[PDB]
Every structure is written in structure tokens, then in C-alpha cells.
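Here the structure is laid out as C-alpha cells; the discussion comes afterwards.
First chain written, first letter: the chains are A, B, C, D and E, and each begins at residue 1.
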Amino acid sequence: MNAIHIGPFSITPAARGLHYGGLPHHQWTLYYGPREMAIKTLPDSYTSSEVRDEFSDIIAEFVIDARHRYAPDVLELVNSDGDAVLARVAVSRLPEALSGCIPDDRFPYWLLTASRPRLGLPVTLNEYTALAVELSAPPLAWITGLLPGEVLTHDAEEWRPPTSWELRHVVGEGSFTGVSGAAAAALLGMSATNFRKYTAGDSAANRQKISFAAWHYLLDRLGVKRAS
Amino acid sequence: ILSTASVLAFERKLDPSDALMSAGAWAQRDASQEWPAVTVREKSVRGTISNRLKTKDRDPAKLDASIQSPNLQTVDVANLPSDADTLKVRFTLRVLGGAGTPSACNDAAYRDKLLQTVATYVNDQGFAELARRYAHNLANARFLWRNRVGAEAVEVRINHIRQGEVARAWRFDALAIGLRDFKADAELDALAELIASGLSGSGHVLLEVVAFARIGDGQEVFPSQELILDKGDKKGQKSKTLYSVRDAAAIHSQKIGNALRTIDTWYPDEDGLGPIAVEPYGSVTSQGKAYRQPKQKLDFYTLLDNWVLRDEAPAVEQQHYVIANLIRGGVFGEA
Amino acid sequence: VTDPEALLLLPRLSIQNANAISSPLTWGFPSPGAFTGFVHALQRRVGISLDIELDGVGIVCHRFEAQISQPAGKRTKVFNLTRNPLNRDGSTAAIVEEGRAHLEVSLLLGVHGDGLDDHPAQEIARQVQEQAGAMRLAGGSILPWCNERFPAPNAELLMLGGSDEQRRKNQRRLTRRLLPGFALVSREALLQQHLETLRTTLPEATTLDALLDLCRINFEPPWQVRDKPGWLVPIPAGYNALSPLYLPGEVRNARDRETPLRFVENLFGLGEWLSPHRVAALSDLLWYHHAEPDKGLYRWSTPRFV
Amino acid sequence: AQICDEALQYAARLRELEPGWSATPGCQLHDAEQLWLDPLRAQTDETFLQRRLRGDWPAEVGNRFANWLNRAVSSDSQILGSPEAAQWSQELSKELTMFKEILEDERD
Amino acid sequence: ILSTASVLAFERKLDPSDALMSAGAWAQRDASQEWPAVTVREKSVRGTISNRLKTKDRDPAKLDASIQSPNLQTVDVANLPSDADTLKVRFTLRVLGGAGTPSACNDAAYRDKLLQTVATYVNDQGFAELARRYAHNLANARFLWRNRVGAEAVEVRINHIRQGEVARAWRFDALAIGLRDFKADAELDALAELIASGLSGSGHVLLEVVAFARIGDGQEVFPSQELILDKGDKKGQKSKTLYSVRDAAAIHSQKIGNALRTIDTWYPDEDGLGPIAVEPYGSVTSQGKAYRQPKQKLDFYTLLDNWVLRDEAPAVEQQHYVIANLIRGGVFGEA
């Protein structure tokens, strides 16, 4: 039939139809952009929901692998013993004052990384509050690992507007944020048709590139990047 | 802000070679160049049941059925030839230097502070007491562990190799140099000065140490014991194997290194027993009891952190112990 | 209802096409009522002539194979069928979905009576074995082990042991004989206490829901699996009354006009498969009838289990 | 208890194998466990290995299995500091005592 | 607008072979073509507690219980025989050339611009400073990583193997030519022009490099260490596994290539350490830190993007660093 678009995922069938068993069949292909992940032979009597549910397990497995592959680093606030983890904060980036650190009794509270050669600093609760305010990761930060670096940079000259694929990562249908086009248009303050112009690609007519401030505020509102 | 580095890996100094064991007769030691090496051999043992029972094996008939089936093993034994009352053991020791510089480190500020602390220690009291104690551990055959215990006479020769030829020969008498007393001797002071030059980076020191122990004719010598995977049968169970390199029984290099590290007479408990090995938490495996417990704050890690971070320099013997721990190397830091 | 004086071990019996549908709600291993009825048929046929009684059966189930298949695209299973003969007009008859299973079970039989003192143990054991070799156990023919390597006779072990250690050694040897299998026992107490636990968790919960919860794999959110004490299969636990007990000639088209008939409904309980070394005595595994005919309740169970 | 049950069950299906698989040639075939792995080789050998299992009475093999069961415990120092490791060792000792007693009377 | 290519993979120049370790004696190195190889043997190690305790193992009873259960391991060990003090290391290095041309480039115009940038570099200064520093890393035995920290005397012989035969021979002293100073020498300059002709594309350069180190008789030599699958029992744990090719200890090829790469002295930090390996963001594994941070604008990517995209040519030292990274090669560009 036609392709099923689940966020950045495209389930497109082969135009040729086979007759496995006695019933007609089609070879359905699941792509994440240019990379295919599962080619499966499914009947022509299958509805779109059944074709979606056939690939839903591989879709959820790829989502879990993307969450566990681009998870933000974790800073642990510990006491002077350095064993009882008093607090845990997921940070988008580590403090620049971090060096190879083991806690002592010289300072009551210490901040460490969750990595095995732990990097940390002697911190107070006010300074740890300031560092957690400045550097904390947003909840859906792992989608920034599924986006190119040139659409997340904060400088104007080294920034490219995202395509329809990278927009469909976070905005509509089965996007990884989980929001729809109407909700993401409500967060940006634009109309439904104006944002549908942004989401839909194809020809250049009725298709514009999103601006720097709108894309960055959308990633701020969606909890993907720059959202402390 | 000077926190301790997460990795503080230290290369070991006083690197020993593997100590090969040969056998021969006393007073032929000056012609001990081509002595036949001690060969590890097999011998079969059957044994009675002799461990402590758990109050249910103490029945008469069941213990009778136990002794009626003796347990069978094939043990590797190392014995001298019957025309040989003297065991020769040869190794080489390399004194490197740069004891305070870690091989791997995380914090460069902590690395620089530790380097300055070690350089300060070298500045007031250089590698003299530790080198004298290591010279004493070379002088007595402590690397002949159970292997000079019942020896009538022990002799140790320590030669200094410079360009493939001998430079300074140190013929000793390990009966006179005790295993408990760290006294002073002119040849021991000369060997201490050589290990001082090696440890301070002044020069390269390679020492060939040969120990001759008079055990007995055809008696049992005690090399390093290996590990058995126990993949065989139960009759020829191979319960004990001894270490060798090429048809020649030998001692492990780390056993020799632990023998040279037994200089620590500054543990907070009573030192009437004698010196223990240089190690964190002063742990001798024969006693099963750790002197320098972290409760008493006399271990290596608390003293090193107090010395470097808080600048609380300990007692002079304790900083001798700390720098000796840095000489022995380790994986200090977070583990 | 009584302690057996002896235990007779019928060996590995290969039942060819047993009724895999044990109950209207369960499939798989057949009903324990089939095994108890087989032992009562053995007592009816050869038990009376040997002056012994055969009550109580312990099932070991050394091997199970189900004549099933998994269709593609479904996680459930279907039963492989047999082609019934055509009708008188040459057309295919209506198909009744009946499933089959190849079983290999060994049975512990409780023997009590004076005939144990009148015959050798191997004589009565061989007589009940050669009687059982021409019978059926759950609707399937019993393969009587022809032309293999080493056939297995019985081993009737008297439960009246002279000493406790000799009785213990006899029970451990008899457990070692029936080793590659699982004793199937009844768990009315465990199912009732799990019903009480669910009623404390949530009220007005029936015994059916507690039986269902002891069989499904429960997934708990933080995603772990809620564990179970044992295998905890759903078994047919007997038959409950659905009609008054009519007269022997009252019910039309009965099996015989001398036995009273009463319409029943299946009773479902919780059974457990255990390794047979986890029991105090092998007489605990015996499945006994328990009629209570005034109130329906025609059950089979394992009394004196724990 | 279930785990050692399965071990017996494993030995149970080792009664379904060849009578003399343990006598085949090999550099490493776990000969310490082979007295319990193949009970039927005592029928194969009249006196080469039939009397060995009777005289030895191999029940220490479960202790080796207990070593494998010591790989089934968590590497937590909080259990070792508290009496949880003591209770674990107590129930382990009781269940391998039962396992060794089961493996003792295999000759009957 | 001349953006950077998304795919900018580069092949490595200066490809080293695996460095085979053998064993022998000093002054027999002129006939070291029959020397027996260093064999990765096994030895058993028994250890007590020597790591930092996390405040719960510091109790005396828990520590003593940990002492009474020592961690027994088997370690792969590489030692010379007792009559052998010299460690020989032999590897071949192939200098390719064409370091400007990427293996993969999405953008043609970017490929032409990067080729013009490398061409204007070579027209300004050819592969002469980089080849001199690479030749210095050839001359000193920096590829002998831990087999030089305690070596008494190290010697390196480099032969130019043109048609399967020695076209030009060089003999050096790896201890005189230190690991800190890039000085000038006539034989070093001749090797620099040979590597220059290899890197430019003038000719084909294959160098056979042989190294001899005065470690000591029976001392431990240090090959490259492999990765442990950690599947067996804790008794025979196999904590350390060394690298061998055919019953013969060896160093990994990329370790040799990293040691030859250690020429980067122009990082913004001080010269207290010396040269580091030419990596993107100047990483050093032992120090655990990155010289040439992207924040201080001296990493390879910022310098290359200024040099190519916007014609902001850096200083000649940073140009040497960029061309040395191009010689080193890597998967540059956005994935």
C-alpha cells in the first residue's frame, strides 16, 4: 500500500508482491532514514495497525538502545566517606573544575562522576545547587544524540536549519518526544498550518526552514536540549 | 583544591628477576657456574584421614571406612641430588628510581604536589634508611623463605654488573645478618649507597644475588608453588605442583620482592616479632592479622593523604614506610 | 484415606495418544482423575484376584510430548488433528478438535491387603504389570516395551519397614528409580492461602482469579517478574454437582442402567510439579479419590502430603 | 533447593546417555565429576572403575557445584558484613549436605 | 560557502608492523638473526589486600577475613632467560605519502581546497620538520615503552630495505637522543630526508628497525597487553594476558605507531612533560587529560577549519600539528 511514518521511521513496502503460502504477501521494509533495520514479509490482508505492531518490537528496542546509548552523565553528591550517594543529578555537561578525585574528611560534601575513574570537586551545598542549576540535563536529552551537531550549536554562522527528518525526530506522529504537531506548534506560538509547512518537506513550495530562535526554543520547551 | 587522584598507579621499583634454583656441594660455590639445576619431579603419596572432624565423622565405623580408603595424590617435589648438600639460588634486581612519579595519574595538581612531597623527603632524608634495610634483606636470604629455615649455613653473594662485567662484589654471611636486627656494616653501607644511587636516579643499578644454603644431602627444597586447575582424576589428582621455567625449579619474582619488602618495623603493634612486609594495611598472610589497621590511622593511605593534602607530615619512620610503599608500587587511588 | 502397606512401582510406561485437553480450561498433561481411574480399573481387573487393594497413585511423568504446532504470526498453539472417516455420502464429517500427547510416566501404587502376605512381591507386581500392559491410561495405548535393550520390571517395596533407616533407604532407592521426572501433587492449601493473600490485596476475588494469578507470569513495574513457589499448573481438581443424583434407570442413554448418573461440572485446582527428592515419603505423592457423594465434590487429591 | 534438584535432574538425564561415554579419550573431560556423571561405566569395567566409585563414594562433587553456586551469589560487601552471608552459608551447607548424602548412596 | 565535508576519512601514513620480541645477549647484536623469541609464559600470583577500602572494609575483622582469602591469579609473564639480558624488538615501517588526499571526501570543492592547502603548506615548508621529529622518534626507542625506563643501554639500527636489501644503514644511541629534545644530527637528518621523500611521494620507503635494550639477565620484559574476556573461575582468573603472534611475544603495531607519533610539542601547556602523541584534542592516556582543548582553540579541527574554510592559516607549529594529524589519519568529519 503506502508508507507508514512513525516519527523518523518509515515502513515502506516493496512494489512487488509475492504469494507466500497461498495468500498474497508484500515485503515490508523499516527504515530509520537511510538505514534499514527490519525487512519482513507481511500479508496484503494486514491493516496498517498490524504492520505497525509487527515492527513495534524492533522500534522499541531501537528506542531503548538510543536511550541507553546517548544517556547524559550522572553526577553523584556524596558525603565525606564517599560511599553513601546523597544526591544524583543527570547533567548535560560536567563542570570544568572536575579532576580525578577521591573524597576525604577535609570537606563534608564532594561531587563525583558516575564513571569508574571518578572526577569530582569538593563542593558545598550552595555551589552544588549552582552547578546543578547551570548544568543539568533535560529529561529527553538522548534525542540530541539522534540529531546532528550542526542543528544544536548556539552560534549563528555554524548552524544549519534542520530537515524534515530531524524535525520529525521530535515534533510529530511517533516522535521520540511523544508530542504531536499541534502541541509542538502550541509551544512555539505558531499556527497549525504554519508549523505543518515546517514539518512537511517535498518541494520548496509550502515548505520553509525553521529559524534559529524557534528551533532552539522548541528544543528548550520539549525538554530535549538547554532545558535546566 | 588538591584532591587525591582517582588513579595513582605506580610502577614498582626494585624489580627482581625469577630466582633459579640449582644444587651442588659447599665450598664448590666459586665453581658454581655450571651447577645442575633443581628439577621438579613427581612422587606418589597416599594419606590417612588427618583433618579435624565436624562431630559427625567421629563415629568409629564411619571413621574406619574412612581410613580403609586412603586418599591418593601425585605431588610435585623438589629434592637435591644425593651428592649435594647446598642449594644455589640466583636472581637479579633492578633499582630504577623515580619512586614518587606515578606511571598513571588523573590530577596533575595532585601529581605535582606528590612529586614535591617526595622531592622534599629526598631533600632532608634521602634513600638511605630504606636502602640500608633493602640491603639487609638482600644480605640475609629472606627470599629463601622455608628454604633457609633449617639451614646449617647460609651465604649470599651480591655482584654489581656494569657493562656485562662485575664491578663490586659483596660476599656476605646470612647467619650473621639477622632476620630481625637492622644493624650497620661497612659492606652493608656500601650496598646501601649503591641502592641509594639507584633509587635517587643517580645511576643504573643491577645486582646479581646468589644464595647458597646448606640444607642437606638429597633433602627437600621449597620453590614457588603454582596453581592447579584440577582437571584430572582423583588417584593422580596432582594436588601440588612447583614452579619452573625450562626444566629448572625456581622461585617467583614477586616472592623475592615480598622478601625484600620485609623491612617494616614501624607498625603500631609490638615489634618483638620482627619486620613485616612493606604493604598497605601491614598485612602478613602467615599471621592472618593486619598491623597498621586503618582504625589506628597508621596505614599507607591515611598517612599519604595527611602528608600530601593536609600537609601533616608523619613520624620520620612512617614517611620512610610511605615512600617504601611508593617504591613497591601499587594501584593506589580509587578501587 | 489409608496408609499403604506397600508401594508398587509401575515403570516407564509410554502412553501413545493421551488426551492432551485435560479440562475445559486447561490443556497439556492429562487429568489426575485419569490416573486414579486407571489404578481403580487395575484393582477392578486384577486387584481382586490377587487379594490386594490398589488405592493411591503417584505420577512421575518422565517424558511429555504434545502433538501441537505453533502457527506463524501467533504466540498461541493449535492441536494437530486426525482425519476421521468420511460420511455415508462421501463428504468430510464435522471436525471435533481433539489433541493428543505422547507420555512416559511411572506410577507409585499403594497396596494394602492380606494378599501381600499370600503371594511373592514380584508375582503380584508382574501380574499387575502384565494387566496394565493391555490397558489405557488417558485415552492412549500403552507401549509395552518390545525388543529394546533392557526392560524394566516393577519393584514392590513394603512400607512396613523393620527400621527407620531401612525404610529411609528403601524410599531413597525408589526415588532414585523414578529420577528423570516430576511428582505432580495437589496444592489446595497453597491456592487457598494465595486466595486469602489476594483478598487482602483486593476484596471480592474468586478462587478462579487466584488460580489464574498462580499460572500467568506477572510483570511488576519498578520491570521484574513476580516469582512462584513451584511450577503451579492449573489441574482439574474433580467434579462438582450440577444436578441431583438421578436413579440408575432414570437417565436416558446412560453408560449403564445400574449405575446412578449425576450431571457434573469440572472443578479446577492448583497442582505443583516437584522433583521427587523434595518429599518426606513417596506415599505422600499418592493421588486418592474422595467422593463425598451427598454434596457432589467428586475430587481427586494428594492427602497426607504435607 | 530447586537448583540442586535440577543437578540431580541433569544426572537423571545422564542416565539416558551411553553406558560408557566417560571412558572415551580426551585431554580434559572433568574426571573428578565422572564418577557421578556416568554411573553405568561400572557395568562396562569389571574392576577398572567399578570399585573406584564404591571405595571413593564421591560426594565432594557437589562442593565443586557449591563453588559454582558461589558464583550465583551477589558481590556485595553489605551481605558479607551483616549476617546475610552467614544465613546464606548456613542454608548452602545444609542443602549441599543433603546433596552429598544423595550422592553418597548411589551404589544401591 | 565551502563547508567541511561530512566524510573525511584519512588513511594512515607510517604504517608499522607488529614488533616481535626476542631474547639475547649484548655484543652479539651484530648477529641477532637466530635469537630465540621471548615466550609468553605463565606464573601464579598470590595477593593480599592492597587497594583503598570504601570505609566498610576498614573494620579489623572484615579486613583480616579478606586477608585470609587471598586473591590467587595466574598472570601471563614475559621474562628473558637467565643467560639473556638483551631484548630485541624488530618492526618494519612503511612510509606511503599522499597525506593531503583523503580516502573519502563528500565535497569535491572541499577536497580541492584541502589539497591546495596541503600543497601551499609543502610549497611553504615541506615534510621536513615532521619527518625530522618522526626520525627522532625512530632513533630513540620510544616504541620500547616500559623496556626503556630501566634499561642500561638502548641501541636502534634502521635499515632502508629498497629491493629486499639494505640500501642504507643507520645506527643510533636511543639514550643519547632523549625523549625530550628534538636536536639536529647528520644521520638523523639523512633519515629525515628519507622519511621526507616517503611522505611527499618522491619514492617508496621501507625501514627495518631493530632495538636492543640492556634490561638485565632474566628480567621481565613488557610486551603489549591484551584484553581479558573474564569467563573462567576466580582461582585461575587470568588477570593479565600478553600479546604474541606465533609463540613469540610482541608489541601491538598501533602502540609502535603511537610512540613514533609522540612529536607534538606545540600544545599550549608547558614543556614540563615534553612531546605528546599527535592526536585530535592532543590526548594522553597516562596523564588522563587533553592538551589542545577545543576551548583554547588549538585542537586539530578548529585549526583545520580555520586553515581551509576561511583561509586563517595558523602558525607554522600548528600547521605542522595539522599535517601530522593528516599523516596520522582518522575518521574526521561529522558522522
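Note that in this section a contact is a pair of C-beta atoms (placed from the backbone, for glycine too) under 8 Å apart; a residue touches a chain by one contact, two chains touch by 3 or more.
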(request) Quick one: how many steps at least from subunit D to subunit E, stepping chain to touching chain? (result) 1
(request) Would you mind naming the chains that touch subunit A and likewise touch subunit C? (result) none
(request) Could you tell me which pair, C-D or A-E, is linked by more C-beta pairs in contact? (result) C-D
(request) Compute the centre of every chain as the mean of its C-alpha atoms, then state which one is farthest from the centre of subunit C. (result) E
(request) Taking the mean of all protein CA atoms as the centre, name the chain whose own CA mean is closest to it. (result) D
(request) Could you tell me the distance, in whole angstrom, between the mean C-alpha positions of subunit A and subunit D? (result) 51
(request) Averaged over CA atoms, how far is the centre of subunit A from the centre of subunit B? Could you give it in whole Å? (result) 57
(request) Determine the centre-to-centre distance between subunit B and subunit D, using the mean Cα coordinates as centres, and give it in whole Å. (result) 39
(request) Let me have the rounded angstrom distance from the C-alpha centre of subunit B over to the C-alpha centre of subunit C, please. (result) 69
(request) Could you list the positions in subunit E whose residues touch two or more of the other chains? (result) 52, 54, 56, 59, 288
(request) Note the residues in subunit A that touch 2 or more other chains, in rising order. (result) 100, 102, 117
(request) Would you mind giving me the full set of chain pairs in touch? (result) A-B, A-E, B-D, B-E, C-D, D-E
(message) Going by the contact rule set out above, which residues of subunit D touch subunit E in the complex?
(response) 67, 71, 77-78, 80-81
(message) Quick check on the complex: what are the subunit E residues that touch subunit D?
(response) 54, 56-57, 59, 62, 233-234
(message) Touching residues of subunit E toward subunit A in the complex: what are they?
(response) 52, 54-56, 288, 334
(request) Mind listing the subunit C positions that touch subunit D in their complex? (result) 169, 172-173, 176, 179-181, 274-275, 277-278
(message) Looking at the complex, which residues from subunit D come into contact with subunit C?
(response) 1-2, 5-6, 8-9, 11-13, 15-16, 102, 105-106, 108
